[PDB]
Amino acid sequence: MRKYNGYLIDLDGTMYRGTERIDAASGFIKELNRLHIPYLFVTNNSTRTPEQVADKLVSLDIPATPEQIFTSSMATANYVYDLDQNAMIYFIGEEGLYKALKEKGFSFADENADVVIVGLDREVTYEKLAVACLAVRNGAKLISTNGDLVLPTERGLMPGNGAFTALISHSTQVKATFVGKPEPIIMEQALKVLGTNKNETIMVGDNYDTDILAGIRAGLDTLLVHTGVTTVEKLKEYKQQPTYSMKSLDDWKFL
């Protein structure tokens, strides 16, 4: 009887910025739970495990289990696995991406890898990057968990995953396939895990350029919150608009 029986909730943007937004998210998510509506959180983040993210949400009174956290690194692992579970993987990345690949039981290799996966590695080295280039020139498919050129830290704007992918792409003259938002691949992979139908699922977020655009491209209806008169006007000039725009999660009716 509901139009939407599955929710993909963005973890990024400014969705949980400040106590008011945190409380609104708590209210919204608790309501989904009370209604027994399945939901999954989606993020491009590669520096926290599903367990850490869930522990964090729970501490903010937003109910989540590790199984409800879905990252671009997980989407990337799962996407590659469905295409060739016997591919030998070379990856650049940290514990999150390693774990997602481990979950899929991959074999790993260096210069003769079948697939090269580029994730953010804050201890990357020339040699790690060289092996990626060599494997790509040996015919490996080139996959990038996301395209972000910058990683915000307290030091300032550090090089992001996308910058490293650009290095490899430029050196090898091979284009990467990108998985994370704003690409639709992460959202199709999230839909797989959530288990609901595309036309009965909605993606909720508050960033258009990176986050909600992914849902639009993946063929999902979208709710963009934290909008205002000017941003709504701005979106009307773009090729694609979110399905709905509202000020607050508080305004959403469960249909």
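A residue's number is simply how far along the shown sequence it sits, counting from 1.
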property: Between the two ranges 157-165 and 83-91, the one averaging a larger CA B factor in the entry; result: 157-165
property: Given 28-36 and 217-225, the range whose Cα B-factors average higher in the PDB entry; result: 28-36
property: C-alpha B-factor winner, where the candidates are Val174, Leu97, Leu149, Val179; result: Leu149
property: Lowest, middle or highest third - CA B-factor, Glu183; result: lowest
property: Chain third (lowest, middle, highest) by recorded CA B-factor, residue given as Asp114; result: middle
property: Cα B factor band for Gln189 (lowest, middle or highest third within the chain); result: lowest
property: Third of the chain's Cα B-factor distribution that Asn45 belongs to, per the entry; result: highest
property: Record-listed C-alpha B factor of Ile212: chain third; result: middle
